[PDB]
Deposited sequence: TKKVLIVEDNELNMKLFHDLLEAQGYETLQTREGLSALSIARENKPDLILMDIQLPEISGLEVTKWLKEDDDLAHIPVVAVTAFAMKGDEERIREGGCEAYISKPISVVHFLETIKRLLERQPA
C-alpha cells in the first residue's frame, strides 16, 4: 500500500484529500505544518507528498527545498496545492489548483504513484 503525506492546514481541504486518496486504496499521513512534514517524511518514508504552498507559517516551496536537499527524501514526488512556473522550478512534479477537479487531482497523483519499477 502506497502512502501519501498530506501537508494542509485547512481542515476541510485535508478531509477532502484524505477521503479521495483513501477511496483509491492509499494510506495517508497528515499534518498542518511544514516543519512537521519533514519529520514525518523521514519517520515514515511516504511515496508522495501533497503540499499546500500557502501554509500560514511557512512557504511550501521552502519546505520542498529542504526535501530536495535531503538524500533520503529527494526522490519523493511533491505535488503542490495552490504558480505553475514557480512550483516547477521549486522541485514540484505537478500542481493542483482549487477549486480542485477530483479527476484531475486523482489522475495526477496516480500517474506519479502507479508506475512500473
Subject >> Parts of the chain sequence, as deposited, that carry no C-alpha coordinates in this structure >> reply: 83 to 88, 124
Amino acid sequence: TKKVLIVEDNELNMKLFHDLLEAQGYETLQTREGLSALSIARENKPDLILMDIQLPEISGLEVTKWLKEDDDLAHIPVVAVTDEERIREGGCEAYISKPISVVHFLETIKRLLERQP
From here on, numbers count along this sequence of modelled residues.
Original post:
Looking across the other entries that model both neighbours, is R86 missing in at least a third?
Top reply: yes
**OP:** Output the stretch having the higher mean C-alpha B factor in the entry; the candidates are 36 to 44 and 86 to 94.
**Re:** 86 to 94
**OP:** Averaging the C-alpha B factors as listed in the entry, name the stretch that ends up higher: 108 to 116 or 1 to 9.
**Re:** 108 to 116
Subject >> Per the PDB entry, maximal CA B factor within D72, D52, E57, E62 >> reply: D72
Original post:
Comparing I100 with the other modelled residues of its chain, is its CA B-factor in the lowest, middle or highest third?
Top reply: highest
